[PDB]
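Down below is the structure, laid out as structure tokens.
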Ligand SMILES: [Fe+3]
Ligand SMILES: [Fe+3]
Ligand SMILES: [Mg+2]
Ligand SMILES: [Mg+2]
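Residue numbers (this note's numbering), protein chains in the order written: chain C, 310 to 595; chain R, 310 to 595.
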């Protein structure tokens, strides 16, 4: 109390001793992660270029900007895992998971940067896109919001796992949808297949956050969680309708605002709470 | 001065941005780590038990004790990477490597534990072996030595990479030789195969240490490195001849003493220094 009453956060003199397994649910999340390991090199990019050149200039803009956003955010997710989550959490099973997630975030980042390098030959444009945190106004709101939660010294782990479930779950959901939309139009198999791997990986990272949440003894209030989730939805929605609008690739903005609300509902439920928006999923392809 | 003079350790505002790669040498080692990924499940242990049962009782004692030593040490290595190296090193390329070494250490720990669970069914004997740091005097020296370098708030990164290259290079070399000895005797393909994978990985983790060392501007002196490596050789030698004698599996304690000295000379050469012992490699199987 406040931390020593938490099985997840209290001193474990066996934290670096692997066996035996005590938390089987947490352990299996780690085994699932491990069993789905992939490298960036596995993704065949060799047919993507022709599709990319056939695209309209504004689509190539949207897509390059989504890639840059993803690449930048992974780094923020990674910072939090490395500096906080993997430090403060004391159960071995959770540490293995987080250890592996860090590895995977690096492969996610590499993939996004391979996609960028493959499509965009201009090194000035590459640099612009890689430095997206400094160079892209559209990512600011999202990058700032996530970095806040790293630097926040008061906030409990419970509130902070929520925020990063919001990052990997809500902040990514519009862009994931976007690439799945492109699959619907038979465009860029390399991008869209890599997109399947990464969103699966990200959904798993949210599942894990939810599982960590359940094992918390002192959870934040439904009130407080709602506060964070709604806040994250609004930002995502502003990102997708204003800062980098989805019309750029032929999508309905209104329906996207709705889907972001559906994702948040699903995450709220997964966190042991009640829906907030009570809306259906408008996308049969998600 | 203090440490802002070090390319490896000075502020890197781009530390979580993957691209572009600037340290190609360091990055290719990450790619090599990543290309050699494996899981414990991949190793077939089915054919091992009949050989296990054929051994003399003091051969089983020796092996299970080498296994327990390994699972213990991995956790210390792990602690160090998690709490220290991956935190303090600022170049993106190196953080990827360490990020991945952490994941591979957890797989190594699992492997060793699986070996133990497979050969040893007695629950009490399992607990005794997993708790080897508290329960096994033979590993006290090696463990305390390593742990001292995590706690040491004054030693430089330059000294501590040497220390952990000694841990993964010298503290493991005798035990690795043991298992290759069993391979020569045609015993236990599962054990000896998993031993092939792990000694390869640890060679790499040592190679990586050497590469980091080479990139430091303020290296420790040859004298100071000698002192550390020599201290390590004596502890490993005591281990293999006094505390857990390799005699117990039919090896010569005099030739093993020598092999440790040869491993250390090789490490010293790799750190950019001169030999210490000048003895040749007595085992034709390393
Ligand atoms: Fe993620
Ligand atoms: Fe290692
Ligand atoms: Mg444990
Ligand atoms: Mg960088």
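A virtual CB, placed ideally from N, CA and C, is assigned to each residue, including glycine.
So does residue i have its beta carbon nearer than 6 Å to some heavy atom of ligand 2?
{"i": "residue 343/R", "result": "no"}
{"i": "residue 386/R", "result": "yes"}
{"i": "residue 511/R", "result": "yes"}
{"i": "residue 514/R", "result": "yes"}
By the three-class DSSP mapping on this structure, what secondary structure does residue i have?
{"i": "residue 416/C", "result": "helix"}
{"i": "residue 586/R", "result": "coil"}
{"i": "residue 319/C", "result": "coil"}
{"i": "residue 524/C", "result": "coil"}
{"i": "residue 347/C", "result": "coil"}
{"i": "residue 385/R", "result": "helix"}
{"i": "residue 334/C", "result": "helix"}
{"i": "residue 312/R", "result": "coil"}
{"i": "residue 516/C", "result": "helix"}
{"i": "residue 366/C", "result": "helix"}
{"i": "residue 399/R", "result": "coil"}
{"i": "residue 356/C", "result": "coil"}
{"i": "residue 575/C", "result": "helix"}
{"i": "residue 326/C", "result": "coil"}
{"i": "residue 564/R", "result": "helix"}
{"i": "residue 394/C", "result": "helix"}
{"i": "residue 376/R", "result": "helix"}
{"i": "residue 371/C", "result": "helix"}
{"i": "residue 581/C", "result": "coil"}
{"i": "residue 594/R", "result": "coil"}
Please confirm whether any heavy atom of ligand 1 lies closer than 6 Å to the CB of residue i.
{"i": "residue 477/C", "result": "yes"}
Is residue i close to ligand 3? I mean its beta-carbon at under 6 Å from any heavy atom of the ligand.
{"i": "residue 585/R", "result": "no"}
{"i": "residue 326/C", "result": "yes"}
Taking 6 Å as the cut-off, is the C-beta of residue i nearer than that to any heavy atom in ligand 4?
{"i": "residue 323/R", "result": "yes"}
{"i": "residue 401/C", "result": "no"}
When every heavy atom of ligand 5 is checked, does at least one fall within less than 6 Å of the C-beta of residue i?
{"i": "residue 442/C", "result": "Summarising the ligand content, the structure contains ligand 1, ligand 2, ligand 3 and ligand 4 and does not contain ligand 5."}
**Message:** Report the start-end ranges of each beta strand (DSSP E) in the stretch 424-465 of chain C that is 3 residues or longer and not cut off at the edges.
**Reply:** none
**Message:** Under 8 Å: do the stretch 379-397 of chain C and the stretch 325-332 of chain C share three or more Cβ pairs, one atom per stretch?
**Reply:** no
**Message:** List, from N- to C-terminal side, the alpha helix (DSSP H) runs of 4 residues or more that fit wholly inside the stretch 526-561 of chain R.
**Reply:** 531-547
**Prompt:** Is the stretch 560-567 of chain R touching the stretch 373-382 of chain R in the sense that three or more CB pairs, one from each, lie closer than 8 Å?
**Reply:** no
**Request:** Write down every uninterrupted run of the alpha helix (DSSP H) in the stretch 458-512 of chain R whose length is 4 residues or greater and which is fully enclosed by it, in chain order.
**Result:** 466-478, 482-493
**Message:** Whether or not the stretch 495-507 of chain C and the stretch 348-368 of chain C are in contact is what I'm after, with contact meaning three or more pairs of Cβ atoms, one per stretch, closer than 8 Å; do they touch?
**Reply:** Contact between the stretch 348-368 of chain C and the stretch 495-507 of chain C is present, with at least three C-beta pairs closer than 8 Å.
**Prompt:** When the Cβ atoms of the stretch 453-467 of chain R are set against those of the stretch 341-358 of chain C, are three or more pairs found closer than 8 Å?
**Reply:** no
**Prompt:** Touch check for the stretch 542-555 of chain C and the stretch 445-457 of chain C: three-plus C-beta pairs under 8 Å?
**Reply:** yes
**Message:** Count Cβ pairs between the stretch 566-582 of chain C and the stretch 501-508 of chain C that sit closer than 8 Å; are there 3 or more?
**Reply:** no
**Request:** With 7 Å as the C-beta to C-beta threshold (strictly closer), list the residues of the stretch 386-416 of chain R near chain B in chain order.
**Result:** Absent from the structure is chain B; the protein chains it does hold are C and R.
**Request:** Determine contact between the stretch 527-546 of chain C and the stretch 406-425 of chain C, defined as no fewer than three beta-carbon pairs at a distance below 8 Å.
**Result:** no
**Request:** Say whether the stretch 419-430 of chain R touches the stretch 521-537 of chain R, bearing in mind that this needs 3 or more beta-carbon pairs closer than 8 Å, one atom from each stretch.
**Result:** no
**Prompt:** Are three or more beta carbon pairs between the stretch 509-523 of chain C and the stretch 580-593 of chain C nearer than 8 Å?
**Reply:** yes
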